[PDB]
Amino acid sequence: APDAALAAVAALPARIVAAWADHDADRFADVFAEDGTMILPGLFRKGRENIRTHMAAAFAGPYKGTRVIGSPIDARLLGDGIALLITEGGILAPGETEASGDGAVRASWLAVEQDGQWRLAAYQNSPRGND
């Protein structure tokens, strides 16, 4: 369970980063549990399908041509098959090398094991600040 957890919660951001690199809302949403939630400044989406349709629009608009960066800052096992990862990083526009302003965030990734597979029950980000 501890080993299983730690690598599982490493896997979830990797999949999100890969989906973002291809601006692929389908692979992005598929990381989430069916009733998973995403909370960002100015946004709440509940359910994999709602996350999917939102990212489809977002990738076509405000997130077009951007890339994601991040590094882990905390990870905890909360119980059998449930883990929380906290990362810092954010979204870079072309020409940027480090996340800044509203693009710089801390994110929480609540991972749950369902059907022998880990999925994101909840993602949330908040501005990193100090900047």
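Throughout, we count residues from 1 along the sequence that is shown.
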Once you work out the mean C-alpha B-factor for both 3-11 and 122-130 from the entry, which is higher? 3-11
Given 89-97 and 33-41, the range whose Cα B-factors average higher in the PDB entry: 89-97
Thinking about Cα B factors across the chain, which third does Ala21 belong to? highest
Looking at the temperature factor on the CA atom of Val105, which third of the chain's modelled residues does it land in? lowest
Chain thirds of CA B-factor: placement of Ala75: lowest
With respect to C-alpha B-factor, does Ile82 fall in the lowest, middle or highest third of the chain as deposited? middle
Which third, lowest, middle or highest, does the CA B-factor of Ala56 fall in along this chain? middle
